[PDB]
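Remarks on the structure that follows.
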Amino acid sequence: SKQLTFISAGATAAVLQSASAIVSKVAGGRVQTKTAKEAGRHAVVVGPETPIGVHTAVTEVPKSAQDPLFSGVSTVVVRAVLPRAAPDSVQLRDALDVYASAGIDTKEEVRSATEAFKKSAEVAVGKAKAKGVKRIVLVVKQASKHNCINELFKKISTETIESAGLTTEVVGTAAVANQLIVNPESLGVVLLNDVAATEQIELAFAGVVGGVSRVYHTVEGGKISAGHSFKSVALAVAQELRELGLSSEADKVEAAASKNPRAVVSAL
Amino acid sequence: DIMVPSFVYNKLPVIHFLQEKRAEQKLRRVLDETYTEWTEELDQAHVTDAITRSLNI
């Protein structure tokens, strides 16, 4: 009757097959599992690549699935995601910086980027206020090529955050990545500008913590789970089932993911 | 028969000269309005850069 929407973005067929087997075996057939390329609710996205229709890329450190190495850490990494066009078309994150060099007008693109950054900054400040932190850390790649997208990102994120009353500390990519992997307890909320390096950093943090599920906030309004490995996808499916209103099944999936990461389907 | 013909004959040369000058003026104005428009086209290097960015390099 119900429906879970599976989005595939750069994920090997093995991961998708494992996710389908897990949902079929755990749910028992009560909720169907359809595949698509875009969704707004009740959606699990598999693979490193960013799907179409997501504007924020928040990720946290769930208490239950904390690795013993990272026990007690609490830092929220929110990646700002600009609207995604078709693979052939030029993405906004690159158009906004190349058209300016070429002299082409960049008004509509700037407007769209401003809207996306405002939404991401609102999400980040909400998370920071909920956690109680006073300052957030902006992450911008300091390459000369990205001298316009990051400039707008800072100009808008700092504006919105200061309007909300919190402080912002800008930093590069290498230093923040090393600090997040080595000493993450010194960062409460870290926003990431939209670049490939920031996506890799978010994935690295989501994996090093022990494997977690990344939450995507879409344009339509809602939360869709995201995973890239067996354990991450299992946790994402568990969270999705919990959202649908299944507690025991979600707990079983979470326990199976904790015990046997790569073979959860057989474990449970 | 006599007077108006003679005065028309007197008029002919100056009118011929002035009309020749007017025609030359028209030709000169035609020539003066000619400008080569050089057009400018999007440099291909920006296309090569957008191509590279799309590759995720």
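In the structure tokens, chains take letters A, B, ... by order of appearance, with residues numbered from 1 within each chain and ligands from 1 in the order shown.
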Find the residues around region 7-20 of chain A up to 9 Å (only C-alpha atoms counted), leave out those fewer than 2 positions away in its own chain, and share them as an mmCIF file with N, CA and C atoms, in the first residue's frame.
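For reference, result_16.cif as written:
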```
data_model
loop_
_atom_site.group_PDB
_atom_site.id
_atom_site.type_symbol
_atom_site.label_atom_id
_atom_site.label_comp_id
_atom_site.auth_asym_id
_atom_site.auth_seq_id
_atom_site.Cartn_x
_atom_site.Cartn_y
_atom_site.Cartn_z
ATOM 1 N N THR A 5 10.486 5.426 -1.936
ATOM 2 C CA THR A 5 11.080 5.804 -3.211
ATOM 3 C C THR A 5 12.597 5.686 -3.117
ATOM 4 N N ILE A 22 16.831 -5.829 2.012
ATOM 5 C CA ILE A 22 16.616 -5.479 3.414
ATOM 6 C C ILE A 22 15.182 -5.014 3.636
ATOM 7 N N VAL A 23 14.706 -4.095 2.793
ATOM 8 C CA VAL A 23 13.359 -3.558 2.974
ATOM 9 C C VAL A 23 12.318 -4.651 2.771
ATOM 10 N N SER A 24 12.511 -5.499 1.758
ATOM 11 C CA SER A 24 11.553 -6.570 1.505
ATOM 12 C C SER A 24 11.492 -7.544 2.677
ATOM 13 N N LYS A 25 12.651 -7.909 3.229
ATOM 14 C CA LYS A 25 12.680 -8.893 4.306
ATOM 15 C C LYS A 25 12.155 -8.313 5.613
ATOM 16 N N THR A 33 8.082 -0.788 -2.529
ATOM 17 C CA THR A 33 9.375 -0.136 -2.725
ATOM 18 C C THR A 33 9.533 0.141 -4.216
ATOM 19 N N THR A 35 11.179 2.559 -7.447
ATOM 20 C CA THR A 35 12.414 3.230 -7.821
ATOM 21 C C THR A 35 12.096 4.434 -8.697
ATOM 22 N N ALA A 36 12.843 5.515 -8.503
ATOM 23 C CA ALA A 36 12.616 6.746 -9.250
ATOM 24 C C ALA A 36 13.921 7.532 -9.285
ATOM 25 N N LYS A 37 13.833 8.796 -9.705
ATOM 26 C CA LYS A 37 14.982 9.686 -9.750
ATOM 27 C C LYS A 37 14.798 10.957 -8.936
ATOM 28 N N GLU A 38 13.610 11.201 -8.387
ATOM 29 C CA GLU A 38 13.367 12.397 -7.596
ATOM 30 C C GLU A 38 12.168 12.148 -6.694
ATOM 31 N N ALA A 39 12.218 12.732 -5.500
ATOM 32 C CA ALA A 39 11.151 12.572 -4.522
ATOM 33 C C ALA A 39 11.255 13.700 -3.506
ATOM 34 N N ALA A 43 11.758 8.867 0.963
ATOM 35 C CA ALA A 43 12.736 8.607 -0.081
ATOM 36 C C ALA A 43 14.097 8.305 0.529
ATOM 37 N N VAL A 44 14.739 7.270 -0.007
ATOM 38 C CA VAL A 44 16.110 6.909 0.329
ATOM 39 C C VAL A 44 16.947 7.036 -0.935
ATOM 40 N N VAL A 45 18.034 7.797 -0.853
ATOM 41 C CA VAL A 45 18.942 8.003 -1.977
ATOM 42 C C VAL A 45 20.236 7.259 -1.687
ATOM 43 N N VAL A 46 20.699 6.489 -2.668
ATOM 44 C CA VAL A 46 21.860 5.623 -2.528
ATOM 45 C C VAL A 46 22.944 6.118 -3.474
ATOM 46 N N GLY A 47 24.145 6.310 -2.934
ATOM 47 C CA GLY A 47 25.307 6.654 -3.718
ATOM 48 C C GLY A 47 25.896 7.997 -3.330
ATOM 49 N N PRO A 48 27.195 8.185 -3.587
ATOM 50 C CA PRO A 48 27.818 9.481 -3.268
ATOM 51 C C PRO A 48 27.183 10.660 -3.983
ATOM 52 N N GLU A 49 26.723 10.474 -5.218
ATOM 53 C CA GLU A 49 26.264 11.599 -6.019
ATOM 54 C C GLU A 49 25.031 12.243 -5.393
ATOM 55 N N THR A 50 24.890 13.544 -5.622
ATOM 56 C CA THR A 50 23.773 14.303 -5.072
ATOM 57 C C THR A 50 22.554 14.170 -5.978
ATOM 58 N N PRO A 51 21.387 13.785 -5.446
ATOM 59 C CA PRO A 51 20.203 13.648 -6.304
ATOM 60 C C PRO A 51 19.654 14.991 -6.754
ATOM 61 N N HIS A 228 25.470 5.662 1.386
ATOM 62 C CA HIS A 228 26.426 5.309 0.342
ATOM 63 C C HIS A 228 27.067 3.941 0.518
ATOM 64 N N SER A 229 27.034 3.355 1.709
ATOM 65 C CA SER A 229 27.577 2.027 1.961
ATOM 66 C C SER A 229 26.495 1.139 2.566
ATOM 67 N N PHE A 230 26.854 -0.121 2.813
ATOM 68 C CA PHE A 230 25.883 -1.076 3.339
ATOM 69 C C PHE A 230 25.328 -0.609 4.678
ATOM 70 N N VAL A 233 23.361 2.747 4.277
ATOM 71 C CA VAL A 233 22.069 2.531 3.634
ATOM 72 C C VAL A 233 21.114 1.820 4.583
ATOM 73 N N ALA A 234 21.620 0.854 5.352
ATOM 74 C CA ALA A 234 20.772 0.173 6.324
ATOM 75 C C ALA A 234 20.239 1.149 7.363
ATOM 76 N N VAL A 237 17.554 3.310 5.763
ATOM 77 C CA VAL A 237 16.291 2.588 5.639
ATOM 78 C C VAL A 237 15.616 2.466 6.999
ATOM 79 N N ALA A 263 26.846 -7.331 5.753
ATOM 80 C CA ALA A 263 25.902 -8.407 5.462
ATOM 81 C C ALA A 263 24.691 -8.318 6.382
ATOM 82 N N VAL A 264 24.125 -7.115 6.498
ATOM 83 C CA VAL A 264 22.979 -6.914 7.382
ATOM 84 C C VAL A 264 21.806 -7.783 6.948
ATOM 85 N N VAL A 265 21.595 -7.916 5.637
ATOM 86 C CA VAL A 265 20.407 -8.610 5.142
ATOM 87 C C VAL A 265 20.368 -10.038 5.672
#
```
Should the cut-off be 12 Å, what would the residue list for chain A against chain B look like, counting only C-alpha atoms, as a PyMOL selection string? chain A and resi 49+85-104+145-146+195-197+199
Mind writing the picked residues with N, CA, C and O atoms as a short mmCIF file (atom, residue, chain, number, x, y, z; two decimals), in the first residue's frame?
```
data_model
loop_
_atom_site.label_atom_id
_atom_site.label_comp_id
_atom_site.auth_asym_id
_atom_site.auth_seq_id
_atom_site.Cartn_x
_atom_site.Cartn_y
_atom_site.Cartn_z
N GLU A 49 26.72 10.47 -5.22
CA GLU A 49 26.26 11.60 -6.02
C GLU A 49 25.03 12.24 -5.39
O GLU A 49 24.23 11.59 -4.72
N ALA A 85 20.71 20.54 -12.18
CA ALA A 85 20.13 20.42 -13.50
C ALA A 85 20.48 19.05 -14.08
O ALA A 85 21.03 18.18 -13.40
N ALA A 86 20.15 18.83 -15.35
CA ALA A 86 20.46 17.57 -15.99
C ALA A 86 21.97 17.37 -16.08
O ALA A 86 22.73 18.34 -16.09
N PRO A 87 22.43 16.12 -16.15
CA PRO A 87 23.89 15.90 -16.20
C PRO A 87 24.57 16.61 -17.35
O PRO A 87 25.69 17.10 -17.20
N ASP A 88 23.92 16.67 -18.52
CA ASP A 88 24.53 17.32 -19.67
C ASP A 88 24.66 18.82 -19.45
O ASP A 88 25.71 19.41 -19.75
N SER A 89 23.61 19.46 -18.93
CA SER A 89 23.63 20.90 -18.76
C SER A 89 24.71 21.31 -17.76
O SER A 89 25.17 20.51 -16.94
N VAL A 90 25.12 22.57 -17.85
CA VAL A 90 26.12 23.11 -16.95
C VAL A 90 25.49 23.35 -15.58
O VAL A 90 24.46 24.02 -15.47
N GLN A 91 26.11 22.80 -14.54
CA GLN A 91 25.58 22.95 -13.20
C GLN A 91 25.71 24.39 -12.73
O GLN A 91 26.57 25.15 -13.19
N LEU A 92 24.83 24.77 -11.79
CA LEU A 92 24.84 26.14 -11.29
C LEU A 92 26.15 26.47 -10.59
O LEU A 92 26.70 27.57 -10.76
N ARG A 93 26.69 25.52 -9.81
CA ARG A 93 27.91 25.78 -9.07
C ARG A 93 29.08 26.13 -9.98
O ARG A 93 30.02 26.79 -9.54
N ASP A 94 29.03 25.71 -11.25
CA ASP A 94 30.06 26.06 -12.22
C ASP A 94 29.64 27.20 -13.14
O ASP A 94 30.49 28.00 -13.53
N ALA A 95 28.35 27.27 -13.49
CA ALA A 95 27.88 28.38 -14.31
C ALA A 95 28.09 29.72 -13.60
O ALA A 95 28.52 30.70 -14.22
N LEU A 96 27.77 29.77 -12.31
CA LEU A 96 27.86 31.02 -11.56
C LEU A 96 29.27 31.59 -11.54
O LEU A 96 29.43 32.79 -11.28
N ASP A 97 30.29 30.77 -11.80
CA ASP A 97 31.67 31.23 -11.82
C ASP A 97 32.27 31.34 -13.21
O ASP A 97 33.22 32.10 -13.38
N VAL A 98 31.75 30.61 -14.19
CA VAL A 98 32.30 30.67 -15.54
C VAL A 98 31.62 31.74 -16.38
O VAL A 98 32.28 32.41 -17.19
N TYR A 99 30.31 31.94 -16.21
CA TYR A 99 29.62 32.96 -16.98
C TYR A 99 30.15 34.35 -16.66
O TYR A 99 30.28 35.20 -17.55
N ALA A 100 30.47 34.60 -15.39
CA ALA A 100 31.03 35.90 -15.02
C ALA A 100 32.34 36.15 -15.76
O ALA A 100 32.59 37.26 -16.24
N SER A 101 33.20 35.13 -15.85
CA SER A 101 34.43 35.27 -16.61
C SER A 101 34.14 35.51 -18.08
O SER A 101 34.78 36.36 -18.72
N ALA A 102 33.17 34.78 -18.64
CA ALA A 102 32.83 34.93 -20.05
C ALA A 102 32.04 36.20 -20.34
O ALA A 102 31.85 36.53 -21.51
N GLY A 103 31.59 36.91 -19.31
CA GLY A 103 30.84 38.13 -19.49
C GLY A 103 29.34 37.95 -19.61
O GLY A 103 28.61 38.95 -19.65
N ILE A 104 28.86 36.71 -19.68
CA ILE A 104 27.43 36.49 -19.80
C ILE A 104 26.72 37.01 -18.56
O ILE A 104 27.29 37.06 -17.46
N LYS A 145 39.82 29.48 -8.80
CA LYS A 145 38.69 29.25 -9.69
C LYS A 145 37.38 29.59 -9.00
O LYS A 145 36.53 30.30 -9.55
N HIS A 146 37.19 29.09 -7.77
CA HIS A 146 35.97 29.34 -7.01
C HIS A 146 36.09 30.65 -6.23
O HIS A 146 36.06 30.69 -5.00
N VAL A 195 30.74 22.59 -3.22
CA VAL A 195 31.84 22.21 -4.09
C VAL A 195 32.04 20.71 -3.97
O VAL A 195 31.61 20.08 -3.00
N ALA A 196 32.71 20.12 -4.97
CA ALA A 196 32.96 18.69 -4.94
C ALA A 196 33.80 18.29 -3.73
O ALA A 196 33.54 17.27 -3.10
N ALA A 197 34.80 19.10 -3.39
CA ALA A 197 35.64 18.80 -2.24
C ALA A 197 34.81 18.77 -0.96
O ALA A 197 35.03 17.92 -0.08
N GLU A 199 31.63 18.00 -0.74
CA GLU A 199 30.87 16.76 -0.77
C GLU A 199 31.72 15.59 -0.30
O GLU A 199 31.25 14.75 0.48
#
```
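Using only C-alpha atoms for every distance, the candidate list A:232, A:248, A:239, A:163 yields A:232 as the residue closest to residue 207 (chain A).
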When you draw a straight line from CA of residue 260 (chain A) to CA of residue 60 (chain A), how long is it in Å? 21.8 Å
Report the residues of chain B whose backbone DSSP state falls under helix (DSSP H, G or I), written as a ChimeraX atom specification. /B:3-32,44-54
